[PDB]
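Before any comments, here is the structure.
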2 protein chains.
Amino acid sequence: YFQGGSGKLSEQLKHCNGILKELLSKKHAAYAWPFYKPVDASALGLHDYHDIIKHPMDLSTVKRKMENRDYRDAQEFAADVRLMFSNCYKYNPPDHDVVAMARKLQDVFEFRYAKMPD
Amino acid sequence: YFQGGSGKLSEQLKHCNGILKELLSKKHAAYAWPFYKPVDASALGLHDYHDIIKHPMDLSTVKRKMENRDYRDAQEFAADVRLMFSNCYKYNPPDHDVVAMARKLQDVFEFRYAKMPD
Ligand SMILES: CCS(=O)(=O)Nc1ccc(Oc2ccc(F)cc2F)c(-c2cn(C)c(=O)c3cc(-c4cnc[nH]4)oc23)c1
Ligand SMILES: CCS(=O)(=O)Nc1ccc(Oc2ccc(F)cc2F)c(-c2cn(C)c(=O)c3cc(-c4cnc[nH]4)oc23)c1
Ligand SMILES: [K+]
């Protein structure tokens, strides 16, 4: 209900915003879709999720934070994206399909984040 | 020449120290060894390395920083380990052997880092 953030993004944050658009794009939808919204622990029957995962994260939350101008630098953006993957790796056994998807999405993220303009 | 850091590690930093020890252990030496010391750009003939990579990182530097009590929290430790991998992904073509090694080492890192006590 207070004013939302707005302003130009820094050069490094434009790079991050580009990454975000790519992670949300049709290019990666086959493996990105489980990360499009918060994990709905109630609907999926994951009654231990919120006991194991203290800081839930997903791409819709990253998108709202970018649009709101919450991120002040690239490191802060990267930390949220990585948190989203870490949560998946913490909660799930390593042979789960959703873990395979997370690893693929993370390869996309890591390879492009590494090309940060200096 | 001034005093080195010393002090107890927080619980989360003990977890990070444990990860560090594992990354330096014989368990992972077949793919960790290129990260044991800074990239010696002179010796390897990589005369563009320091133009592309602004913040070099390697496991010996992470080790000295942990021993010196440089890291104040787990996120700071993770940022350096991840930076080491990112540098590798930035500099090298994605089919290079050293990239394959980096990905394997990063999988070891990410899966264990995700089990952060909290
Ligand atoms: C769009 C978010 S949502 O509204 O909560 N819907 C949703 C739907 C399916 C999910 O998981 C799967 C994805 C692909 C797959 F092959 C199997 C899944 F269980 C998941 C899912 C996402 N993540 C990030 C997870 O870590 C887990 C774990 C589980 C899970 C379901 N049953 C056991 N574990 O489901 C998800 C989520
Ligand atoms: C222990 C650090 S060191 O003293 O500088 N020695 C060292 C030795 C070999 C290295 O790279 C390779 C490792 C395995 C392999 F199969 C091929 C390599 F080129 C590398 C190496 C490490 N990293 C992190 C890199 O990104 C690259 C890139 C290259 C490289 C060499 N020739 C073209 N690219 O070598 C390294 C380093
Ligand atoms: K990070």
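Just so we're on the same page: first chain in the structure tokens is A, next is B, and so on; residues restart at 1 for each chain, and ligands are numbered from 1 in the order they show up.
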
*Counting only C-alpha atoms, which residues from chain B have an atom at most 8 Å from any atom of chain A, and could you show them as a list in words?*
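Here they are: residues 54, 86, 87, 89, 90, 110, 111, 113, 114, 115 and 118 of chain B.
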
*asked:* Please identify all protein, DNA and RNA residues within 10 Å of ligand 1, counting only C-alpha atoms and all ligand atoms, and report them as number ranges by chain.
replied: A: 30-46, 49, 53, 56-60, 84-93, 96-102

_Selected residue of minimal separation from ligand 2 among B:81, B:66, B:19, B:9, counting only C-alpha atoms and all ligand atoms_ =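 Using only C-alpha atoms and all ligand atoms, the shortest distance to ligand 2 belongs to B:81.
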
Among stretch 12-90 of chain A, which residues carry a DSSP assignment of helix (DSSP H, G or I), reported as a short mmCIF file (atom, residue, chain, number, x, y, z; two decimals) with N, CA and C atoms, in the first residue's frame?
```cif
data_model
loop_
_atom_site.label_atom_id
_atom_site.label_comp_id
_atom_site.auth_asym_id
_atom_site.auth_seq_id
_atom_site.Cartn_x
_atom_site.Cartn_y
_atom_site.Cartn_z
N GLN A 12 25.00 -3.61 -14.24
CA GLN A 12 25.05 -4.99 -13.75
C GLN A 12 23.63 -5.52 -13.48
N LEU A 13 22.77 -4.69 -12.94
CA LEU A 13 21.40 -5.13 -12.75
C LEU A 13 20.63 -5.31 -14.06
N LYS A 14 20.97 -4.60 -15.13
CA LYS A 14 20.35 -4.89 -16.43
C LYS A 14 20.76 -6.25 -16.88
N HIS A 15 22.04 -6.60 -16.69
CA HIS A 15 22.48 -7.96 -16.99
C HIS A 15 21.64 -8.98 -16.20
N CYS A 16 21.45 -8.74 -14.92
CA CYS A 16 20.62 -9.63 -14.09
C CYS A 16 19.17 -9.70 -14.60
N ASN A 17 18.62 -8.55 -14.95
CA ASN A 17 17.26 -8.53 -15.49
C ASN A 17 17.16 -9.35 -16.80
N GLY A 18 18.18 -9.27 -17.64
CA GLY A 18 18.20 -10.09 -18.84
C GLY A 18 18.21 -11.57 -18.54
N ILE A 19 19.05 -11.96 -17.55
CA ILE A 19 19.07 -13.32 -17.07
C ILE A 19 17.65 -13.75 -16.62
N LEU A 20 17.05 -12.93 -15.76
CA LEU A 20 15.73 -13.22 -15.28
C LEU A 20 14.72 -13.45 -16.41
N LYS A 21 14.71 -12.57 -17.41
CA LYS A 21 13.82 -12.74 -18.55
C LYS A 21 14.08 -14.05 -19.26
N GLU A 22 15.34 -14.40 -19.44
CA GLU A 22 15.66 -15.66 -20.06
C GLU A 22 15.16 -16.86 -19.24
N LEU A 23 15.35 -16.83 -17.92
CA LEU A 23 14.89 -17.93 -17.07
C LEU A 23 13.37 -18.07 -17.09
N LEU A 24 12.67 -16.97 -17.35
CA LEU A 24 11.19 -16.98 -17.44
C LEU A 24 10.65 -17.23 -18.85
N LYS A 26 10.12 -18.92 -22.82
CA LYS A 26 9.76 -20.21 -23.40
C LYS A 26 10.95 -21.11 -23.68
N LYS A 27 12.13 -20.53 -23.89
CA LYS A 27 13.34 -21.29 -24.14
C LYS A 27 13.59 -22.38 -23.10
N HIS A 28 13.37 -22.04 -21.83
CA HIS A 28 13.67 -22.90 -20.72
C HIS A 28 12.44 -23.44 -20.00
N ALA A 29 11.24 -23.26 -20.58
CA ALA A 29 10.02 -23.60 -19.83
C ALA A 29 9.87 -25.09 -19.44
N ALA A 30 10.46 -26.00 -20.22
CA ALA A 30 10.31 -27.41 -19.92
C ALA A 30 10.88 -27.83 -18.56
N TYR A 31 11.93 -27.13 -18.09
CA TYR A 31 12.54 -27.39 -16.81
C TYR A 31 12.39 -26.21 -15.83
N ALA A 32 12.00 -25.01 -16.26
CA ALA A 32 11.83 -23.90 -15.32
C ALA A 32 10.49 -23.82 -14.60
N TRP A 33 9.46 -24.45 -15.15
CA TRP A 33 8.08 -24.23 -14.67
C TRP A 33 7.84 -24.54 -13.19
N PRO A 34 8.51 -25.56 -12.61
CA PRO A 34 8.29 -25.80 -11.16
C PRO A 34 8.78 -24.66 -10.25
N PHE A 35 9.56 -23.74 -10.82
CA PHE A 35 10.10 -22.57 -10.12
C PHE A 35 9.37 -21.27 -10.44
N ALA A 41 3.23 -25.91 -0.45
CA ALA A 41 3.48 -27.12 0.32
C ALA A 41 2.15 -27.84 0.68
N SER A 42 1.17 -27.06 1.06
CA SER A 42 -0.22 -27.53 1.30
C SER A 42 -0.76 -28.37 0.11
N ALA A 43 -0.81 -27.78 -1.08
CA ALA A 43 -1.31 -28.50 -2.26
C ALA A 43 -0.51 -29.75 -2.67
N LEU A 44 0.81 -29.75 -2.47
CA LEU A 44 1.67 -30.86 -2.88
C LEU A 44 1.87 -31.93 -1.80
N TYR A 49 7.94 -29.17 4.39
CA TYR A 49 8.73 -28.24 3.57
C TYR A 49 9.21 -27.01 4.38
N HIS A 50 8.26 -26.38 5.07
CA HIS A 50 8.54 -25.15 5.82
C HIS A 50 9.32 -25.38 7.13
N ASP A 51 9.47 -26.64 7.54
CA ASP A 51 10.37 -26.99 8.65
C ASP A 51 11.81 -27.13 8.16
N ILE A 52 11.98 -27.55 6.92
CA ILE A 52 13.31 -27.75 6.34
C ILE A 52 13.83 -26.49 5.63
N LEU A 59 11.00 -17.91 -8.86
CA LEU A 59 11.21 -16.88 -9.89
C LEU A 59 10.18 -15.76 -9.89
N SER A 60 8.93 -16.03 -9.49
CA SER A 60 7.94 -14.93 -9.38
C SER A 60 8.33 -13.91 -8.30
N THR A 61 8.97 -14.38 -7.23
CA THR A 61 9.41 -13.50 -6.16
C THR A 61 10.61 -12.69 -6.63
N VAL A 62 11.56 -13.34 -7.32
CA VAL A 62 12.70 -12.63 -7.90
C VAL A 62 12.18 -11.55 -8.90
N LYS A 63 11.22 -11.90 -9.72
CA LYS A 63 10.65 -10.97 -10.71
C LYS A 63 10.00 -9.76 -10.00
N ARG A 64 9.17 -10.01 -9.00
CA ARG A 64 8.59 -8.89 -8.24
C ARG A 64 9.64 -8.03 -7.57
N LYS A 65 10.70 -8.65 -7.01
CA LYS A 65 11.75 -7.85 -6.39
C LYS A 65 12.53 -7.00 -7.41
N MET A 66 12.75 -7.54 -8.61
CA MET A 66 13.41 -6.77 -9.66
C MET A 66 12.52 -5.62 -10.12
N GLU A 67 11.27 -5.91 -10.37
CA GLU A 67 10.32 -4.84 -10.79
C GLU A 67 10.14 -3.72 -9.71
N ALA A 74 24.10 -6.86 -8.17
CA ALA A 74 24.02 -8.15 -8.85
C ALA A 74 24.17 -9.30 -7.85
N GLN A 75 25.04 -9.13 -6.84
CA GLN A 75 25.30 -10.18 -5.84
C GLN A 75 24.03 -10.53 -5.06
N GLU A 76 23.23 -9.52 -4.77
CA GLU A 76 21.99 -9.74 -4.06
C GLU A 76 20.95 -10.50 -4.89
N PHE A 77 20.86 -10.16 -6.17
CA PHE A 77 20.05 -10.93 -7.12
C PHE A 77 20.50 -12.38 -7.22
N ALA A 78 21.80 -12.58 -7.39
CA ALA A 78 22.35 -13.93 -7.55
C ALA A 78 22.08 -14.78 -6.32
N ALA A 79 22.13 -14.13 -5.16
CA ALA A 79 21.94 -14.85 -3.93
C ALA A 79 20.53 -15.42 -3.85
N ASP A 80 19.53 -14.65 -4.28
CA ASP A 80 18.14 -15.16 -4.31
C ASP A 80 17.95 -16.29 -5.33
N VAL A 81 18.48 -16.12 -6.53
CA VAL A 81 18.35 -17.17 -7.52
C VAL A 81 18.99 -18.47 -7.00
N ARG A 82 20.21 -18.35 -6.48
CA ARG A 82 20.89 -19.49 -5.91
C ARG A 82 20.17 -20.10 -4.73
N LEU A 83 19.56 -19.27 -3.88
CA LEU A 83 18.75 -19.74 -2.74
C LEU A 83 17.61 -20.66 -3.25
N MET A 84 16.97 -20.24 -4.32
CA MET A 84 15.92 -21.03 -4.92
C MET A 84 16.41 -22.46 -5.30
N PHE A 85 17.59 -22.54 -5.92
CA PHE A 85 18.17 -23.84 -6.25
C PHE A 85 18.57 -24.62 -4.99
N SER A 86 19.25 -23.93 -4.05
CA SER A 86 19.66 -24.57 -2.78
C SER A 86 18.49 -25.18 -2.03
N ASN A 87 17.36 -24.48 -2.01
CA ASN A 87 16.18 -25.03 -1.36
C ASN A 87 15.76 -26.38 -1.97
N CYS A 88 15.77 -26.43 -3.29
CA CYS A 88 15.46 -27.63 -4.01
C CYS A 88 16.44 -28.77 -3.68
N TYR A 89 17.73 -28.48 -3.66
CA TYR A 89 18.72 -29.45 -3.32
C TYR A 89 18.67 -29.93 -1.86
N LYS A 90 18.23 -29.05 -0.95
CA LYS A 90 18.09 -29.38 0.46
C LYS A 90 16.91 -30.27 0.69
#
```
